[PDB]
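The chain below stands alone and is given in structure tokens; this is the form deposited in one PDB entry.
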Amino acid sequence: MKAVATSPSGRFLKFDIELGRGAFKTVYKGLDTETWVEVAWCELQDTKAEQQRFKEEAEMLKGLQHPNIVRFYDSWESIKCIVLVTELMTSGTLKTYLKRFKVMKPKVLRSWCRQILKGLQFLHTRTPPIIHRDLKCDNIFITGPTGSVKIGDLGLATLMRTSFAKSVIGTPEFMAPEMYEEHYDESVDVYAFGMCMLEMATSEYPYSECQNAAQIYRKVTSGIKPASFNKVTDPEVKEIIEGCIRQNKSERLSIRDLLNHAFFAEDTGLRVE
């Protein structure tokens, strides 16, 4: 198996083995010549100010270390495309887990949600803060051993140097209504986490009844909840989801409110008043 590309630092190789393909990202099999452990050689679809901004953001993502965040090895612009090297995750995501077991056990849902919340609190407390802008169950990877989860797919993330981000990107099912207004903050990762928790409690894509991305845009910007919202059996999970997907960003719960919620700590014994 001869390698077909090499990272600029000379550390990572690319193999012509496609593992997955999405709307803008193709996952190849890569190798870390320092350790000979395989990595993920991901290739994404690509002014000078944005190019210089890109070099600084990659250097900060390159320095992140947190047990609930996939390691960001390197990234650069190639020849028309953006290469992104991260950990080759091989235990499946929370989407493949939901697509397999259909029902997620309540204790499993809370344990993984708390780790996701700790992963989001890490990005939001960086200097400058980092918005994921693409949180969903397929960007949350199960890690061995002990089955801890890490947030990955930082290809759409931004460092918050100003007060607000503007670019309208992400996955429509998980995008906050103010994202289409080109003026939003880190509250969109809470909104997407509300849809992640909705996906884990219903085991389907939110707004699956919509025909395309425009219908999702029309419903969300009108303050209409997805049809799977009223299918949530656990009232505690339903109220938390409602507290995250609120149409007004200023009314939504915060990460600290979620991390301190009495729901994510009920696995200490019986449910008592």
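Here, rigid core means the biggest group of C-alpha atoms that superpose within 1.5 Å across both forms. Numbering starts at 1 and runs along the sequence shown.
- Modelling of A165 is missing from a third or more of the other compared entries in which both of its neighbours are modelled.
- In terms of unmodelled positions of the deposited sequence, the stretch from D46 to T47 in this entry skips 1 to 3 residues.
- According to the record, 4 to 9 deposited residues between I79 and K80 are left without atomic coordinates.
- Note on 118-126 vs 158-166: mean CA B-factor is higher in 158-166.
- The PDB entry records a higher mean C-alpha B factor for 20-28 than for its counterpart among 252-260 and 20-28.
- Per the PDB record, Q51 has a higher Cα B-factor than any other of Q51, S228, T221, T35.
- Between the residues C244, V237, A214, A40, it is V237 that shows the highest Cα B-factor in the PDB record.
- Ranked by Cα temperature factor within the chain, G152 sits in the lowest third according to the deposited record.
- In the deposited entry, the Cα temperature factor of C210 sits in the middle third of values across the chain's modelled residues.
- Per the deposited record, the Cα B-factor of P177 falls in the middle third when ranked against the other modelled residues of its chain.
- Among the modelled residues of its chain, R71 has a C-alpha B-factor that falls in the lowest third, as given in the PDB entry.
- Among the modelled residues of the chain, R110 sits in the highest third by CA temperature factor in this PDB entry.
Separately, the form deposited in another entry exists; it is not shown, and the next lines address it.
- Comparing the forms between the shown form and the other one, the C-alpha position of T35 differs by 2 angstroms or more, with the core used for superposition.
- Once both forms are fitted on their rigid core, the CA atom of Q247 lies less than 2 Å apart between the shown form and the other one.
- With the core held fixed, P129 shows a CA shift below 2 Å between the shown form and the other one.
- Three angstroms is the minimum change: in the other entry, the CA atoms of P67 and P145 sit farther apart than in this structure, by 3 Å or more.
- With a change of no less than 3 Å, the CA-CA distance between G144 and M200 is smaller in the other entry than in the form shown.
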